[PDB]
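Student: Provided hereafter are the protein sequence and its experimental coordinates.
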Amino acid sequence: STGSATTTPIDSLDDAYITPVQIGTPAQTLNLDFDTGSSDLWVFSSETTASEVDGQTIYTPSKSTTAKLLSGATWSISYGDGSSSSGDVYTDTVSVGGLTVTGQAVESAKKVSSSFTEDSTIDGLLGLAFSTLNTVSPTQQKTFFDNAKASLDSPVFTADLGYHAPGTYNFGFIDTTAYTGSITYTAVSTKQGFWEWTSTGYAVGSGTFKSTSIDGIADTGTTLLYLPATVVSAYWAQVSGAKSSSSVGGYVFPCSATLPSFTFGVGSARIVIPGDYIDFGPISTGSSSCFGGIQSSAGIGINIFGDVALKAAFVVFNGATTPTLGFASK
């Protein structure tokens with residue numbers, strides 16, 4: 001089997017991407033944030049605290065003939081940005097882009113933090129990291145990809161995120177028309193439950209490439225590119241007037257600037273992030289100070305190849321017995 005679904009930016013900055021997901025019978029379609037940095041499929045639901053729902057579409061298990069309470073199971077998750085959610089668990093039929101999993105754990109939110117409530121466009125998350133990170137207790141549950149894997153034509157999914165445009169998540173096949181040149185594959189460590197890999201270095205604009213190992217995670221659920229302070233300083237030093245602002249919470253730059261590109265290494269291959277992808281616009285409405293899309297990972301504890309980086313590539317998440325990651329230009 002295979003599946004193919006379009007993923008769409010939630011706003012003009014590509015702050016996140018939503019992908020329609022069919023849950024239950026008859027289908028209830030919710031728009032979920034596919035997150036390769038976590039491993040819970042959770043949804044706004046009929047059980048969510050009413051005051052914490054503001055415009056989201058909810059899953060109502062009582063209206064699904066295939067929903068079953070997973071008795072005794074609870075979940076609770078906290079994300080790197082400080083947001084969180086928790087609740088109980090149903091199993092139900094879940095389909096993405098024509099690919100169907102029966103008996104998928106659908107985690108129903110009883111509580112969500114303010115950032116979720118305030119984002120009316122995201123109806124939940126669909127985790128695509130390794131199932132060892134799944135938070136369901138006392139019986140850990142599998143991700144949608146893990147459940148689907150054995151049925152897939154090939155045990156892979158791909159992320160093809162757009163810049164200010166829709167893109168695609170495919171399951172079970174590699175679309176050879178979706179990228180240019182060849183795909184370069186690189187080793188993954190699953191020790192922390194992430195799609196963790198080591199970049200071979202970087203360049204700033206037309207500058208020379210610096211060979212240096214940068215361990216980090218491929219994370220579709222993180223907006224920006226978070227790299228070591230040395231790397232980030234070298235990037236922003238090439239933008240007149242750019243500075244790190246503790247009051248704003250990162251690097252800012254004059255909105256009048258033309259940003260240089262940023263290149264990262266994948267083995268002997270190179271992925272180029274155009275300067276425009278690094279512009280996240282005014283820090284507040286009408287400001288001439290703009291927020292940067294490359295930020296320091298210092299104090300996160302891990303480097304994160306978020307959407308800024310991933311959207312410059314066609315990315316293969318290879319879930320074979322020994323997982324690997326592939327990157328191509330596009």
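Tutor: All right, it came through fine. Residues are numbered from 1 along each chain as shown.
Student: give me the three-state assignment for residue 115.
Tutor: Judged by DSSP: H, G, I helix; E, B strand; the rest coil, the three-state class of residue 115 is helix.
Student: repeat that for residue 91.
Tutor: Taken by three-state DSSP, the conformation at residue 91 corresponds to strand.
Student: which ones are touching it?
Tutor: Taking C-beta atoms under 8 Å, 6 or more residues apart in numbering, we find residue 91 in contact with 67-68, 70, 103-106. The C-beta positions use only the backbone N, C-alpha and C, and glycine is treated the same way.
Student: could you do residue 163 as well?
Tutor: Taking C-beta under 8 Å, 6+ apart, one finds 14, 274, 276-277, 311-312 in contact with residue 163.
Student: repeat that for 7 Å
Tutor: 14, 277, 311 (C-beta atoms under 7 Å, 6 or more residues apart in numbering).
Student: contacting residues around stretch 177-187?
Tutor: 160, 197, 266-267, 269, 314, 316, 324-330.
Student: switch to 8 Å and redo it
Tutor: Applying C-beta under 8 Å, 6+ apart, the external contacts of stretch 177-187 come out as 158, 160, 168, 174, 197-198, 266-269, 313-314, 316, 318, 324-330.
Student: how far away is the residue most central in space within the chain from residue 24?
Tutor: Central residue of the chain (C-alpha atoms, centre = their mean): residue 220, 1.8 Å from the mean position. According to C-beta to C-beta, to the nearest Å, residue 220 stands 24 Å off from residue 24.
Student: for residue 209, same thing?
Tutor: Applying C-beta to C-beta, the value for residue 209 to residue 24 is 50 Å.
Student: of the two, who's got more company?
Tutor: Each of residue 209 and residue 24 has its neighbours counted (other C-beta atoms under 10 Å); residue 24 has more, 22 against 14.
Student: circling back to that earlier point, just the buried residues of the contacts of residue 91.
Tutor: For the contacts of residue 91, a burial check counting by 16 or more other C-beta atoms under 10 Å picks out 67, 70, 104-106.
Student: okay, buried residues for stretch 178-195 please.
Tutor: Buried, per 16+ other C-beta under 10 Å, within stretch 178-195: 179, 183-186, 188, 193-195.
Student: can you redo those residues as TSV with secondary structure?
Tutor: Listed next are the buried residues of stretch 178-195 as TSV, based on three-state DSSP:
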residue	secondary structure
179	coil
183	coil
184	strand
185	strand
186	strand
188	coil
193	coil
194	coil
195	coil
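Student: just flag the most distant two among the residues you listed.
Tutor: Greatest spatial distance in the buried residues of stretch 178-195: 179 and 193, 27.1 Å, computed using C-beta to C-beta.
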